[PDB]
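Consider the single chain below, provided in structure tokens and representing the form deposited in one PDB entry.
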């Protein structure tokens, strides 16, 4: 029909007028929300603004998907079990240049846009660095015009929010979907069945998977905009529904329950966690193939499809793809295996052979009987390749097998990912080398070409323009706007290091962010802060190996020197530690209680004054990282060498005018390599010194004997200086540090404190200090997720990035 051409996107968005944005706002508040100004809550005004912004999103979104259907590009699929999105309101505005228009429009309507900004809940879809990585990657992928989809699960309750009561961590429900979420769209049209349990019948055709229990997977779509390029991509999240039925008995009420809670909560080996993995994998694959068929010819599949496996969590995508291709599409085993390998690639984030995912076979046999078969067949054929390549070597067969013999039979999912992917990558340079050298050496020796590095990276949008507009603003002045999408050219700033106007500017922006963050702290927890002090922050997930305990040791040392001679001048410091502990982890809960207790002693001690403060930062998450990171002077990256694969907080601090004190570990190695060892506070044992120390054996008592400061704090700790109501409250923190300290806190102590004195020394000197910050920021370019993604694109997926601004919308 010729008349149907009038059903169009063209006349719709019009433009971004202050008159238009006001119009749509009143329209969304009244027609979409069914409120008016007499009953509107700040939440309702937030929602109205979100909807007014979404309209500009969806317009660019329809056009992008139309573009992809026209152009049939290679489709890239990023599978993650977490997506640490944070907030969307401000990110959408900067990416669509709606920034000032909305600001003005909100002002004319008589509301503070910022008030509305703070009402938005952090997306309850992610947990740690892994989830943040995927969020940065999605932003980069859209910004470089790749046809990319993020696939995962829509958790209703995320992972808890953290309250601190009397120094103790408590966990509450993150009910972030309470009032709904303006950003997502339900797609009941595309609901897909997912199967579980049942049994396999080996009949004439091939294998049939019958008598299964069905869970429905309904998708919700979220737009992911690029940086002012008008390309909008999709995040498709699966939500679980049980089918509706009518039988003499309703014992199958559990059905409904254990079907629903696949989409209820993140973790943490529950049978549940495996159901989550299968669920996301099964729906996503049916969806991919469906989209492939709407161009049957599976030879071109690897030319039109790329599937990334973020860790082993989505590892069942390999047997699943094999299952569909062989059982359903009637393809023969060899041809389908070829398609699978060339389609899939695997990213490892782990440095120890302990974190790596294994599942008992009795589990797989019960819920995924067909997949267990395919896994066995994959194993026998792979072990053939091995036996031909290394005839004789029996030990190799067993070391490389997907099946693992022990007290209990297990499938090693990392060995599955490696056998079924064309590329495997580590996430930082030293990390990828350890993978080759130790963790996966047998596979590397079989297939050297398969193993790559792709150093991690951060998005300059959220982590520079969004969170630090002041700093983005003073840079643009010297070099232009282009760096935002090409971070490599912050290098230009290396000319302005002896320029005086820039030094005072870079120093002014920092102090200002320190002021604004000092204010936000007061206006919530009643906690006095000298905004002139060095801002010492360690924001990480609380673990023994992350070594916030080494931080504590330095803090108490510093406090002791203030008590010994209250008259020696000392560089003032606010020490801020934040991060969630895993429920269960008894040691992490104790570390928090300790930090809060130190604070209680030092922050109320009259002699100390304002020269030293210790604050735990409650409920650390993206939107809070956005606040503290631009406010920091000193970035604590103090993990034992060897324990970090990369890190990411890493790069955020460096991009934001903070100097680093850290170990030669993870991506610090590469950061120090960009800034120059001299523009970095590197200290403590190296990866080689650790290996040396486990060889001759680590006795923590022979550091304890030679250092009277360490001896003193241990005493204060044991006698109950920090818990006068419960002296023995910290006994098992001491026990560990002394007897089973697997992470060598006492070792690195000597050098850590010296290094801290060099820090304090340099900070006495504002100009020199700022000149060092500059040399860090300038040289922060390699760590853009734009660079990371360009490498994934050319080196693994086989697609070319493009920064061409798509036409649209009202064209």
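Shifts are known only where both forms have a C-alpha. Positions refer to the first chain, counted from 1. Each form is matched to the other, and the largest set of C-alpha atoms that superpose within 1.5 Å is called the rigid core.
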- [ ] Go through the other compared entries with residues on either side of residue 205 and state whether a third or more give it no coordinates.
- [x] no
Open item on the list: Taking the other PDB entries of this protein that cover both neighbours, check whether residue 296 lacks coordinates in at least a third of them.
Closed with: yes
- [ ] Using none, 1 to 3, 4 to 9 or 10 or more, say how many deposited residues go missing between residue 268 and residue 269.
- [x] 4 to 9
Task: Length class of the unmodelled deposited segment, which would lie between residue 246 and residue 247 - done: 4 to 9
Open item on the list: Which is higher on mean Cα B factor in this entry, 157-165 or 509-517?
Closed with: 157-165
TODO: Give the stretch, out of 183-191 and 614-622, with the larger mean C-alpha temperature factor in the deposited entry.
DONE: 614-622
TODO: Could you check 114, 442, 277, 303 and tell me which one carries the biggest Cα B-factor in the deposited entry?
DONE: 114
TODO: By the entry's C-alpha temperature factors, tell me which of 363, 464, 252, 237 sits highest.
DONE: 252
- [ ] Would you please rank residue 334 by its C-alpha temperature factor against the other modelled residues of its chain and give the third it falls in: lowest, middle or highest?
- [x] middle
- [ ] Can you work out whether the C-alpha temperature factor of residue 652 puts it in the lowest, middle or highest third of the chain?
- [x] lowest
- [ ] Consider only the C-alpha atoms of the modelled residues in this chain, order them by B-factor as the entry records it, and name the third containing residue 564: lowest, middle or highest.
- [x] highest
Open item on the list: Going by the CA temperature factor in the PDB record, which third of the chain does residue 704 belong to: lowest, middle or highest?
Closed with: highest
Task: Chain third (lowest, middle, highest) by recorded CA B-factor, residue given as residue 52 - done: lowest
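What comes next is about the form deposited in another entry, which is not displayed.
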Task: Residue among 494, 186, 352, 97 whose Cα moves 2 Å or more between the shown form and the other one, once the rigid core is superposed - done: 352
Open item on the list: At a 2 Å cut-off on C-alpha positions, does residue 799 qualify as shifted between the shown form and the other one after fitting the rigid core?
Closed with: no
Open item on the list: So that I can tell if residue 790 moves, could you say whether its C-alpha shifts by at least 2 Å between the shown form and the other one after the core superposition?
Closed with: no
Open item on the list: Checking residue 254 here: with the core superposed, does its CA move 2 Å or more between the shown form and the other one?
Closed with: yes
- [ ] Once you account for a change of 3 Å or more, let me know if residue 103 and residue 13 sit closer or farther in that other deposited form, using their C-alpha atoms.
- [x] closer
Task: Closer or farther in that other deposited form: C-alpha pair residue 13, residue 147 (3 angstroms or more) - done: farther
TODO: After the core superposition, state the residue ranges of at least 3 consecutive residues in which each CA shifts by 2 Å or more between the shown form and the other one.
DONE: 6-16, 248-258, 352-354
